[PDB]
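Colleague:
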Ligand SMILES: Nc1ncnc2c1ncn2[C@@H]1O[C@H](COP(=O)(O)OP(=O)(O)O)[C@@H](O)[C@H]1O
Ligand SMILES: [Cl-]
Ligand SMILES: [Cl-]
Ligand SMILES: [K+]
Ligand SMILES: [Mg+2]
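Residue numbers (the UniProt record's numbering): 4 to 381.
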């Protein structure tokens, strides 16, 4: 085509294309290499990606995200019923299937999870098209290893609706291993551990690879642990700080909280490269600016338990795979959160100093591998 590889993420999506033996992780119209898996509806327009997430704080009811948590599931599914209680948007039941309901151009409308995700894939498709200067048709789209047939089918349908011919649906951990060339035959079988920590979910997958054939040995994790949870710890920290300094609680002002959450997410990323970060918010509450800062140490302490807890699923995955730490040949980092120095330290210490595969941006590794496989299938 060339064909492309797309990581349809829980919170961010990424598209890459393999040309001249190299993978190109494609930047969007705003120059970002990953795009929010968001879609918004207003009185006049449908927004997608950066444009949608950039207005989430002011239009919470009609800004959709987490469609991946609904995709391929039934309305009465326990997880679906549990998640709805936390989303600002409506999820309704249509013949037993979940649909998000929103207001668009003054009218009420509902979309299936695959329709919402097709909008995200369309955005990724156009992003690739703007870079290639050519129409993009074929693509490989990834999914978590634990996805069932219905979830895989619905993800594929999201692609078809986007005008893409889905060459294949492959597992995210497998895509990651392919990015590092771990799929090449080298004689005996090799055990690869994929440590994936994104913005909303945590997954540990152990794969055994032999003759280019992957075998998911075990999967562990927490579908409700991700970078967004680390931002929450920071948010509460600063809400307390603002109350101390100004004797005012901003907790009930949904927008002040989102602007603070956005500032924390940005500071967090900085703390992965530097030891301190400055928070500066103009007019956060009742015209009061919030200028402060936070140290990496402070950040690590606010999340110490959450970070350390990532090691339990690692132990359990090993146990279920019937392998000992020492039998793992490669450890691959996936997800933007794995860029956090403390998490790398924890994982490495657990593996007694073993080096981590982390040269490819973790939040891009899945798209990277998908792009490689998409080319191979073309
Ligand atoms: N440099 C960084 N340091 C810490 N966290 C990061 C960094 N870059 C991205 N992240 C985080 O990774 C998370 C999710 O991004 P990925 O790109 O992993 O998305 P998804 O949630 O769909 O897997 C977010 O919480 C984001 O804040
Ligand atoms: Cl864009
Ligand atoms: Cl430590
Ligand atoms: K992603
Ligand atoms: Mg991910």
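For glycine and all other residues, C-beta sits at the position ideal for the given N, C-alpha and C.
Starting from residue 43, follow its DSSP beta bridges and name the residues at the other end.
Modeller: For residue 43, which the question treats as bridged, DSSP gives the partners 50, 66.
Colleague: Rank 109, 33, 14 by C-alpha distance to the C-alpha of residue 45 and give the top, closest one.
Modeller: Of the candidates 109, 33, 14, the one whose C-alpha sits nearest the C-alpha of residue 45 is 109.
Colleague: Taking the C-alpha atoms as reference points, what is the distance between residue 330 and residue 217?
Modeller: One C-alpha to the other measures close to 16 Å.
Colleague: For ligand 5, any of its heavy atoms closer than 8 Å to the Cβ of residue 163?
Modeller: No, the beta carbon of residue 163 sits no closer than 8 Å to any heavy atom of ligand 5.
Colleague: Does the distance from the C-beta atom of residue 223 to that of residue 328 stay below 9 Å?
Modeller: Their beta carbons are not under 9 Å apart, which means residue 223 does not touch residue 328 by this criterion.
Colleague: Just verifying my parser: in three-state terms, what is the DSSP assignment at residue 204?
Modeller: Residue 204: coil per DSSP, three-state reduction.
Colleague: So the beta strand (DSSP E) residue 192 belongs to, where does it begin and stop?
Modeller: Careful: residue 192 lies outside any beta strand (DSSP E) and carries neither H nor E.
Colleague: Among all residues, which have a Cβ less than 5 Å from at least one non-hydrogen atom of ligand 5, and in what chain order do they fall?
Modeller: My final list is 12, 201, 338.
Colleague: Which first and last residues belong to the beta strand (DSSP E) in which residue 171 is found?
Modeller: Start and end: 168-174.
Colleague: Under 8 Å from any heavy atom of ligand 2, does the C-beta of residue 31 make it?
Modeller: Under cutoff, so the answer is yes.
Colleague: First and last residue of the beta strand (DSSP E) that includes residue 102?
Modeller: Taken as a continuous stretch (DSSP letters only), the beta strand (DSSP E) holding residue 102 covers 100-107.
Colleague: What does DSSP give as the partner residues of residue 15 in its beta bridges?
Modeller: In DSSP, residue 15 forms a bridge with 39.
Colleague: Going by C-alpha distance, which of 122, 305, 341, 159 is nearest residue 198?
Modeller: Answer by Cα proximity: 341.
Colleague: For residue 37 and residue 173, what's the separation of their Cα atoms in angstroms?
Modeller: Distance between the alpha carbons of residue 37 and residue 173 is about 19 Å.
Colleague: Check this for me: beta carbons of residue 18 and residue 127, under 9 Å apart or not?
Modeller: Yes, these two residues count as a Cβ contact at 9 Å.
Colleague: Where does residue 32 land, buried or exposed, given buried means 16+ other C-beta within 10 angstroms?
Modeller: Flag for residue 32 reads exposed.
Colleague: May I ask you to check if the CB of residue 130 is nearer than 8 Å to at least one heavy atom of ligand 2?
Modeller: Checking the Cβ of residue 130 against ligand 2 gives yes.
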